[PDB]
Every structure is written in structure tokens, then in C-alpha cells.
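Participant: Next input, structure requested:
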Amino acid sequence: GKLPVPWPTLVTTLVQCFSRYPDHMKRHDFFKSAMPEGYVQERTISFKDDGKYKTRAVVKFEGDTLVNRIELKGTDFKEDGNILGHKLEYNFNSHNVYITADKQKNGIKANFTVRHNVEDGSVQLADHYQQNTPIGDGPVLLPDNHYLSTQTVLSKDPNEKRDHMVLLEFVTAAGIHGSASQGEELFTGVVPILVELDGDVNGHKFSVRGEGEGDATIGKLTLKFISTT
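Facilitator: Residues are numbered from 1 along each chain as shown. The structure is reproduced below:
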């Protein structure tokens, strides 16, 4: 049934291994280098003047499919804030995701602030702190400082009765001028994606399933998400 939080607030949680890394930046793509065993992605997302999401995801291949399985816990939300009050517009701004190497954890950190347009013309900030750690023992690529630049469109399937989100997204790496990892080569074509999210926000339980595909050569995601609550 109807999600207890707005769909746009879940976009960042719902596969940065599909980012387009230009040729001169291929040695800085941690995300693909960790595949197929994958990485743990953790965030705290602080909704300013409101509550927070804490998320933990395992992103890895299962056969031909790139799977993102997430547990999301939301706390400290206001009953008539922009999130539980469903006051956010159905769209998604462009952001820069600033990445730094975390040499101690053999992974990366990222920081960025999402801007969610509110229906009254105000803006709801969602401040993201992110950490990714590889699951496997094999070498990974630890990047120089750079960012991912995003572009997203949200739409609906006119034939879908369930609460859902159709998403199209393009992401390119920037901020820095043969394959740089074996894991990079698992992304050379179109790759099927499965996303499974289990959520609890202020005791409102929900789940989301997404399916679609990624084309990392052009930085493109095409996914449809359904509330499986």
C-alpha cells in the first residue's frame, strides 16, 4: 500500500557502480572494482528540522543481476513535517556526490546534501553521510577526491495500480585530464538490477522492490519500484 514517506526521499537509498567514469578517471572507480563480491554501503541521512534515516545495504552480483538489498531505519520524524506529511514534490534535483578515499577501511566516504522541493516553494534538505567498504579480500581501486554528478526524472506507469515510482537516472564522474579493474568488465553491457528495501520510519513499516537495468557505459539507470507493503 501507500508508502509512509515520499518516494523522492528514498531515491538515494534505492547502485553507484552504474556511474559513468570517463576513460581518464577509470582508476578512480571503487564501486565497480569491488564486484562481484560487492560492498556494504551505509548512510545517515539527516532531514534538516526533521528526522533521520540510517541505512545499510549490501550491493553485489547474484549471477547476472546486480542486487541492492537495504535495511532502512527512520527515527525522530515530525508528524506534520515534510516527510510524514507528504509535502514533497515528485521530482529530483541534480546533485554532486563528493567522494574521498577511506584508506583505513579500504573503501570510500561520500558527503552531499539533497534538496527536496516542497509543495509550498520551500526546500527540505537531506544531508547525506556515506561510507562504503568492500566485502571481498581482493584489491580495490581507492580514488583521488572527485564527485558524481546526477540527473534524475521521476514518472508513473499509467497501468500500475500499486504505489510505485518509475525512475530514469544518469550519473557521470568528474572533478579530476584498457580496464582498470576486473570488476569494471562486469559492467560493459546492459546489466539487470534488483533492489529490495525493508523500511521502518517512526514505526511505519514498508518494503520496496525495484527491477530494471543499468548501462554504466552511459551512466544510465532505468528502474520501476513498487511498494510491496
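
Participant: Give the full set of residues in contact with residue 191.
Facilitator: Counting by Cβ atoms under 8 Å, 6 or more residues apart in numbering, residue 191 touches 18, 64, 65, 66, 213, 214, 215, 216. (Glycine included, C-beta is placed from N, CA and C.)

Participant: could you pull out the strands for this protein?
Facilitator: For the chain, strands defined by DSSP state E occupy the ranges 39-47, 52-62, 65-75, 96-102, 107-117, 123-134, 146-155, 164-174, 191-201, 204-215, 220-227.

Participant: Now for residue 222: which residues touch it?
Facilitator: Contacts of residue 222 (Cβ under 8 Å, 6+ apart): 167, 168, 212, 213, 214.

Participant: Beta-bridge partners for it, please?
Facilitator: residue 168, residue 213 (DSSP bridges).

Participant: Number the residues from 678 up from this point.
Facilitator: Happy to do that; since the first residue is 678 now, the last one works out to residue 899.

Participant: Residue 685 against residue 763, yeah?
Facilitator: No: between residue 685 and residue 763 there is no contact under Cβ atoms under 8 Å: 10.6 Å.

Participant: okay, the two: which has more neighbours?
Facilitator: Per other Cβ atoms under 10 Å, whichever of residue 685 and residue 763 has more neighbours is residue 685, with 23 against 13.

Participant: which ones are touching that one?
Facilitator: Applying Cβ under 8 Å, 6+ apart, we find residue 685 in contact with 765, 766, 767, 768, 769, 793, 831.

Participant: Return the set of residues that bridge with the first one.
Facilitator: Spelled out, it's residue 765. Bridge pairing for residue 765 - DSSP bridges - gives residue 795.

Participant: For residue 758, see how far away it is.
Facilitator: According to Cβ to Cβ, to the nearest Å, residue 765 and residue 758 sit 10 Å apart.

Participant: Between the two, tell me which one has more neighbours.
Facilitator: residue 765 (21 against 15).

Participant: List the contacts of that one.
Facilitator: By Cβ under 8 Å, 6+ apart, the neighbours of residue 765 are 683, 685, 686, 759, 793, 794, 795, 796, 801.

Participant: Drop anything exposed from those residues.
Facilitator: Burial by neighbour count, 16 or more other Cβ atoms under 10 Å: within those this picks out 683, 685, 686, 759, 793, 794, 801.

Participant: Between which two of the residues you listed is the distance greatest?
Facilitator: Farthest-apart pair in the buried ones among the contacts of residue 765 is 686 and 794; separation 12.1 Å (Cβ to Cβ).

Participant: ok, back up a step: may I ask which of the contacts of residue 899 has the most neighbours?
Facilitator: Counting neighbours by other Cβ under 10 Å, residue 891 comes out on top of these with 24 neighbours.

Participant: Could you measure from that one over to residue 766?
Facilitator: For residue 891, the distance to residue 766 - Cβ to Cβ - is 26 Å.

Participant: related to what we said a few turns ago, from the contacts of residue 868, pick the one nearest residue 750.
Facilitator: Looking across the contacts of residue 868 and measuring by Cβ to Cβ, the closest to residue 750 is residue 743, at 23.8 Å.

Participant: my guess is the closest one meets residue 694, correct?
Facilitator: Yes: with contact defined as Cβ under 8 Å, residue 743 reaches residue 694; the gap is 6.7 Å.
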